[PDB]
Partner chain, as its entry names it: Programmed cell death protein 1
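The chain below stands alone and is given in structure tokens; this is the form deposited without the partner chain.
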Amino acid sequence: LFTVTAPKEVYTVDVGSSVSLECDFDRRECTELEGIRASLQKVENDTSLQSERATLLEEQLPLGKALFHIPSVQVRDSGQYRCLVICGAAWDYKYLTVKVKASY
């Protein structure tokens, strides 16, 4: 059965650093024939369906890894996200949380 899993549920990141948010999926059940789509969606306070600040690192997809990279994390990146992977009609998702640390 197609499932998504999150190796880590909470990521703690210093303001200004990078983070690679990971969700793993059963690549054996996907085909670039039927298509794969991955999406990191911010749960609260975002007018876009998918996070505009993250980029999927596509080279990991053949390993069943959806890695969503934010190169310079900002305070407003904090909060819960859903990582969604779709392979054809199959899909699953998990939640992860980004906690942003700042020192003033």
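Positions refer to the first chain, counted from 1. The term rigid core refers to the most C-alpha atoms you can superpose between the two forms while keeping them within 1.5 Å.
As for the form deposited with the partner chain bound, it is not shown, yet the points below apply to it.
Within 4.5 Å of any heavy atom of the partner chain in the entry with it bound lies no heavy atom of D14.
The closest heavy atom approach of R37 to the partner chain in the entry with it bound falls within 4.5 Å. Although the partner is absent here, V98 sits far enough away that none of its heavy atoms falls within 4.5 Å of the partner chain in the entry with it bound.
When contacts are judged by a 4.5 Å heavy atom cut-off, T31 does not count as touching the partner chain in the entry with it bound. With the partner omitted from this view, the residue of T55, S78, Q60, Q41 that lies near the partner chain in the entry with it bound is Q41 [heavy atom within 4.5 Å]. Taking the partner chain as positioned in the entry with it bound, the residues of 61-86 that bring a heavy atom within 4.5 Å of it are, in sequence order, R82, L84, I86. In the core-superposed comparison between this form and the one not shown, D46 has its Cα shifted by at least 2 Å. Relative to this form, in the entry with it bound the C-alpha atoms of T47 and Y95 approach one another by 3 angstroms or more. The pair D14 and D46 separates in the entry with it bound: their C-alpha atoms are at least 3 Å more distant from each other than in the form depicted.
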